[PDB]
Every structure is written in C-alpha cells, then in structure tokens.
Amino acid sequence: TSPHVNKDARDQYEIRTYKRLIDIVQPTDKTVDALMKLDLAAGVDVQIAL
Amino acid sequence: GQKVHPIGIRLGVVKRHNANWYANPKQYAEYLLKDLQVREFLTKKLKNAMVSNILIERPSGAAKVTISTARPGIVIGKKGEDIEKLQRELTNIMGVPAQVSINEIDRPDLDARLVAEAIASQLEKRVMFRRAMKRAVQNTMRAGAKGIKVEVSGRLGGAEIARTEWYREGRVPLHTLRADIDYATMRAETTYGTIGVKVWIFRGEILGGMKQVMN
Amino acid sequence: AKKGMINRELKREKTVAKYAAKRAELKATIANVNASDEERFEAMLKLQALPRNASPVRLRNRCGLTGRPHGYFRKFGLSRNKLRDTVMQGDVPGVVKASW
Amino acid sequence: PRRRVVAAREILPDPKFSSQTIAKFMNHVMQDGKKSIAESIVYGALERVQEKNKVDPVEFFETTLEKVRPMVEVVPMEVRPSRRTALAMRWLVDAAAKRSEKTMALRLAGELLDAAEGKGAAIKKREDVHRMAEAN
RNA sequence: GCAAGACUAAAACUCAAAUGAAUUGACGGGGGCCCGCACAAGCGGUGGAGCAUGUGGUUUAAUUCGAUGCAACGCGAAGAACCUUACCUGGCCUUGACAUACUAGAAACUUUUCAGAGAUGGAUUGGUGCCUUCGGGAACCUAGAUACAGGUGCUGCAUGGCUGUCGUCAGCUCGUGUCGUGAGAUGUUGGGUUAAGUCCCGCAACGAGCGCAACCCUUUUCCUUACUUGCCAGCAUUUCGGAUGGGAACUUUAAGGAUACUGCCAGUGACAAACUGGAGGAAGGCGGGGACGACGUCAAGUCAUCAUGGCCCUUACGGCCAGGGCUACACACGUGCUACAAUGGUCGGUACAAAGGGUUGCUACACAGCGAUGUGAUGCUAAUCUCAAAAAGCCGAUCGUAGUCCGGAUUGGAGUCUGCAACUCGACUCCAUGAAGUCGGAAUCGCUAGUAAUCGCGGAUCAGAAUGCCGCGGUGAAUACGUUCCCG
C-alpha cells in the first residue's frame, strides 16, 4: 500500500470464478431455438455443446 | 491514521462494481487496459458536461457504456451528432461495436463527484475556501442528505505552509458497512500548486443486504 | 518511467514480433533429427547471427499506465500502485477485499 | 493474567491404563509432538519393571513418584500439590536421561527401579532441597 | 563601631515591560486506581560454528539511488548473466527515441549482401497499395524550419495523493438550562461492572454526534434445492479396478435457510447492572479467526510509481550502442537456514492430507542413462487428464558414544538444462575430498491451545534463478500462585 517502504502494509485482494452445469435431455424442437432466442446477460458467459 | 476507501470496503457488501463483464485469464488484461483507456478518454472529453458515473459492460462481443450526467442535452448534442461521434470513437478505441446510453441525474446536489468538482472550480476561481465549503455543505443539506463532510488540503489562500480544513453537518457513520456513503476526490490546480478536495455524503442505511441490492 | 525506456520497450517488442517466424523455423530445423548434422549446424549459426533484440528473453514487463518495471501482476497488466488505486475505485470486475 | 483466574487444562486419561499420572508423564517425556515415541518409551519401561519385579505397573509408579516427591521449594512456603508432581517428573526424566543404556525405555525402567530403593540423582536432588530448606 | 560592618542615601545609563490572582493544557526521577506475554511460572530460540541475505565501513573506473531508535537493516526489489540499469570506460546523434503546429516529396512495406563490437553507414530486389464530388485526399514514411520536446537533475522544509507510528489505545465533541466580572466550569464527576464513555445507580443539570458493539467474510450442528466430470448403502455382471448396468441412500460440491437469546433451574450482588454453579444442546455467557483503525502527534516517509509550484541543462544533466559494475573484502552489526546426534543415522517393506497451478503449458506409458535428463507417445481449455512421490508415522535389520555409518562447508574431476550467450556471475546431477562444530558469557527474543514445537506441500515474481515473502494441511505439549518490582 505504501509507495516506498512498508513491507507489512499490504492489502489482500481476491477474485472468485463460479461455474454451473446444466443438462437438457429429450430436447423438443422448440427447445433449441428458444435457447438461442434467450438473451445474454453481462457478466455471465455461456457455452453450449450438442 | 489512514482510512480505508469507503467504496472499496463496500464493493461487495452494498455497492455494485463499475465494470460488469467476464473474461478468461488471457483476455482479462487487454479488456481491463482498454476499459481504463475508455474511462480516461471520456473523462477528458466530458469535463464540462457534469458526468459522475461511467459503467462499462461487455455483454456479447460488444460494449455498452452508460454515462450518468446532469447535462443530458449537452451530452446528447443538438441533433444527436455528439452521441454517434462518441459511439464511433469508442468503437475505434475498444475494437468492438459500442452503444452509449445516458442516465440523467435529477438530484445533482446528492452526487459526491459533482460537489467536489464545483468546489474545485471555485477554488481555482479563487473564492475563499471557507465560504465555498460552507455554501456547498448548506446546499447539500438543503437538498436532503442526512450528512456531508467536506475537506480541503494544501496551500490554502496561498500560504507558505499547507494545512487541512474540514466541515461536517449531519451524520457520517463510516464504520457501518451497510451505510450508503458516496465519496469523491478532486484536484484544484492554482498558481501556487495543488489543493486536494474530498467529499463524503451519507444517504441512509441500505436494508436487505446484497440480496436486496440485486448484484 | 522515462519516455526513452518506454520507447525502448516498444522497439524491442516490434523487433521480436517481426523476427518471430524465422526463429521458430530455425529452432525446428535444429531439433529435426532427420535433418543432417550440417543442416543443424548452419541453422544454429544463422540463429546466432540473428539480431539480439529478436530474443524474447530481453523483454521486461512494465505497467501499462506508468511503465514501472517492478511488481507487475501478469493477470491485470498493471503495477501495484495503479492496481491498488483502480481496484479501490471499483473499475476491476470481481476483485474485492479478501478475508477468511 | 491480572484480572482473571484461568482454569487448569484437564488431560485425558491414558487409553491403555486409564491413568492421568501416566498420561502426564508421557506429556513430560514427549518432544515436538512425537507422541508415539514417548508412548513406546513409557510402555517399554512399564513392562520392564513388571518383569524385573512382578508388581502392578501403575501402583509401582505411584509409589516411586511419592518417594521422589519433594515437600518444599526454595523464603519457606508449602508447595501446592500439582507443582510437587510436576517437579518430581522433571527430576525423574532429567536424571534418567543421563544413564548409559541402549534405549530410553530401558534407562527409564532402570532408574525407576533404582529410585524404588532410594538410589538415584533425583533422590539426591531431593536431599539437596531438604538441606537448603534446613538452611532457611 | 576595635573590626566585620550598620544607618542616612543619589545620578548618569538602559528596556517596554517587570508583576499579582485565577483558567485550559502539557510535564514531573509527585500520589492513588486500572489494563497489556509487562513481569512472575513454563516451552523453545538469538548472542558461540558454517552458510544465505541486508546494512556500515573500506576499496574501486564504477562499486547507481533511496530507507536510519522503538517505527532503517530477507526494506522499495512479487525474483541484476545481456535486458532490467538509473553507474563507469569507449564509440555515436542533435527539433531529437516521443507530441502539436507549418512547408514539400513519397504507399507503407520487401529481398540479397558488404564494413563494423554494435549503434550505424553503403549497395541491392520485389511491391507501390485504400477511398474518392475522383484536380486530391486517409494512414504511413522521408527531407527542411521554429515554437519546442526531453531530464530517475534539485527542493517531501512549497504541495496533492498514498503510508508508518502511538494503538484496536478509549476516548473526542455539540445544543438549551444553571455558577463565575471573566477565560471557563457543569454535564463527561461520584459508587459498582465490563474487552470497551459496555451497562446500572446517585447527582443543577436536561439532551445529542463520531468512536466501542452490530451489520460483512470464514469455521463448528441440522434442514431444503441441486445429482455430473463427483458418490456407492441395496441389486446384478465382473478381467476384482464404481470396472459395467444401475441407484439418489451416504461423503462431497454450493446456494438459500434454522439455531444461542442468561432461553430454563439454583445461589449471590442492591433489591439493579451484573457474577458464580447445573441441565439440555454440536456449541453457554465475547464459541474461534479475519477485515474494519475516532479527535490527533511526529516539518515522520515518498519529487525514483504518478501528478504538481518553483530552481537548473539544451551538440547535453537529453537520446543510441558494446564491454564492465551493482556479486569487490584486513573488518563490525541485524534477520535467517543447517548442525553438534541414539527421542538418532542408514537400508528394506508398508499407511494417512489440505490448498493451489497447467495450452508458448502440465504430461500417463514405453525405451536409454547411476543420475540430473533425452527420445517416441497418450489425455487434458480440466470435480473428467496431470503436477504428485506427501513427510514425520508403523514393522524388520544394522550402527554402540566415536569428531563416529554425526555434520556437510570447501576444493579437484566429469556432466544436464534454460538461454544469442552461464569467465567475471545460474540452477541441478555423478565420482572423489570431508572444514568448523561436543549445545554456546554478559545480555536478549517469541509464545496462554489445535497455540508453541516439529514435518512436509503449493503460489506470486519468473526463459532460467528462494534458506526470503504469502498460503496449506499432518503430529501435537508445558505453565499461569499473583501484581511486590521492569516496560508501556
């Protein structure tokens, strides 16, 4: 934290990454097109695998 | 002693982040550097438009910049030319298409940044600092805050020895994590050097926690 | 840092980027078992004859805002002073004070 | 402390003999958390004394402890009972350390048997405390 | 007047004060009360040896600069072979490596060489592009001109911002009403109690804010939702490996909740605040840890992160390059690591973790090598593959108190890897060598429970380079009578 010399003066920061997994089984035809119609919210990244 | 940053200590408690996007560890640094460049450029360009907050989002391969301003007409322009020019420059800087959005502040006297900017402008225009401080504090208290503290530091009045003077009316519970406290810092550049201005404004205690705040 | 040092860093980055391909080609040729010992030897001589600034080991990470050469934190690309200031302002997504 | 009275920390009985005295002796012997080595040392000596006289290990140990127990410190004043036992164990481990034999367990058993007849450096130090108490 | 001296008693000259009483602070080698690993009681250290690291000094062409009692000295530096680099030697450039403003010409770019230590300089190829109201424009480069750029040069005693410290100390204030000519006082004192100006009583006082506490994170018990890449109680098949059908029970993963509040009983204190003992409960009186640091002090630290007033340089105090130095060595000091052995050393067999990292990366397996490693090859963008062997531990054999089958410094000889390049000056492997060291004076340091002690594992910085720093788990103690003295 200090600009020149204080070794014991530190700030401790952290960052967390959260993950979720979702499975879709027996997908109807409307399911897929609904999934691309679904909006994307900032701050959440989505990966879809077929 | 030294005090923790009022917004930093509450960034995860009752406050929202100014940047809302996700990036993998490889792209995090590039995204952050471009965001900082965007913030600096906007701050330089909109100096006289009363802009306090800038929120940057990256929803999907694009960018959205929300500007909180008290001069929406000046920011927008006569016929919308300014906003489209701003979109062009932001897209050029950021490498992706960018959308500018405007959020109008209806109570400028309850915004910490605007008060500090006004006080610094007066100090540069060499009004006496105690009059400036008392006027700003009274104006905010009339506007309806539950407390405001104003501090100025430096070569006040041109004296050879610097000093610090502060003024407070109302309640400022700095140690309450759930209190809503806006904080701002600014510089006045006078012929005799730099004068620092700090402003705290208290607007009541938020209840329900971050669940209520809806992160 | 100084403008001269920042420009030096920029020039070294440009040289490395310019010479990236041939260096990899020569290194692969040197590693090639099927290639002749002579092929590997002249490959090594050409590699040694390449300019010094083409070597990535001469690049030093500097803060993207001030150019400071100490305390880099690869993840953010900023030195410790600017990282502290910007995190405490709240412009870094996800970073909060840590307690456990 | 200054204002509070801190309670003594109760130690669990030894899982093999249910003897807090044996557990305390093991804790006195143990160094840097190596409980297994101290357990082996103490149990080996307890088995050795049992073979060399067929007596109960617990009773033989309490009797020797009471023999090597002092009565006074140093200004004369009456030592509280816990410190008596704590000081006796320290003497019994220190003096046992200085004998010459293959293992610590054998040294401990040997000097336990020696002290049972009043012959040992711990009892000599006890007589030294008696003399310097007569001095005061 | 014997004497020592007494009595009467000026002026020149010089200053703008000298004094009395009372008020608020501060201080006292003044007095009471109180707290804190402050002492006392304990367990381990330092001061002694070898090595690592920082500082002073000395030396040097240079050994770049800053930090100096506690609160500088494994500090800035989360990582100096070139680079970094700010220092030295020598070689080069001058509107400049970089900006704006003006004037002209060119696409920009690209190939091959030559001289040179390199910076640079000279020849040598291809290409000559994008819009266009298309008379030119967009980048980009080259040439000229001057306003200027540039400066880790000076001032932290001109400043902003940021930080240390007293100290996680418990205090710091304001408005009406009373007393005093007044500055001021009262409230905020007095009696108990507490980790706390925490709470309760009396009291010319009656009322409020910032501080304390709580709101935030993590750990301990249970419930709901969720069932894969994680799990396997019951069934079935098994090459005996959750391996395979299968199951949603359990562990776990991670979001939301519930619970603890002197709630119940007994005794005390005032009869209050409280305090002591007991049941139930995973947990009992603040359950454990973290973050959060009031009014203020030190002309405390930083112009070398950055910004900034003023001062200074402009063929140089600016810019480019190669080599050297920051790693020196008669010495002194601080912080550490490894030992002096049997509660141990070596050899063989065999168990039990947590957290974290991995696509310019981590690598199963096979072959080669004594080994550091090399080659082929496989999986992994990861609860899926991998780093990875946990170590101390247990069982068996041997060594028998010896400078040793302890210790592992130093030196000789062979190598591997990173890198354009390990001479100055890298890490690691093998053979040989086998130093001091026998538990360390005066003095001095840390720690009150999953703590001290001891054992291993991971990460940031990073091509390579931790005994430092920041984290993770395993095993797991001793002692607290008390405030008489030491410190705050």
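Chain naming here is simple, since letters A, B, ... match the order of the sequence lines and numbering starts at 1 in each. Excluded from the calculations below are hydrogen atoms, water molecules and symmetry mates; all remaining heavy atoms, backbone and side chain alike, are included.
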With a 3.5 angstrom cut-off on both distances, give the Watson-Crick or G-U wobble partner of E:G412, or none if there isn't one. E:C431
Base, sugar-phosphate or nothing for C:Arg62? Non-hydrogen atoms, less than 4.0 Å. sugar-phosphate
Where does E:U386 land, syn or anti, once you apply the within-90°-of-0 test for syn? anti
For B:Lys3, answer base if it contacts any base atom (sugar-phosphate contacts may also be present), sugar-phosphate if it contacts only those atoms, and nothing otherwise; contact means non-hydrogen atoms under 4.0 Å. sugar-phosphate
5' to 3' on RNA chain E, which nucleotides open and close the contacts with chain D (atom under 4.0 Å from a heavy atom)? E:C35 to E:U483
Who is the Watson-Crick or G-U wobble partner of E:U276, with both distances under 3.5 Å? E:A266
When you compare E:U373 with E:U418, how far apart are their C1' atoms, in angstrom units rounded to a whole number? 13 Å
Checking base pairs now: Watson-Crick or wobble, both atom distances under 3.5 Å. What partners E:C394? E:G349
Atom P, compared across E:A299 and E:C157: separation rounded to whole Å: 10 Å
E:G323 pairs with which nucleotide, Watson-Crick or G-U wobble, both distances below 3.5 Å? E:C88
Looking at D:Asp14, D:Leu12, D:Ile11, which hits side-chain contact (heavy atoms from CB on, under 4.5 Å) with D:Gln20? D:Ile11
Regarding C:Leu50, tell me which of base, sugar-phosphate or nothing describes its non-hydrogen contacts under 4.0 Å with the strands shown. nothing
Per the under-4.0 Å heavy-atom filter, residues of residues 201-215 of chain B near RNA chain E come out as B:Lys211
Just by distance, do the side chain of B:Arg171 and the backbone of B:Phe202 share a donor-acceptor pair under 3.5 Å? no
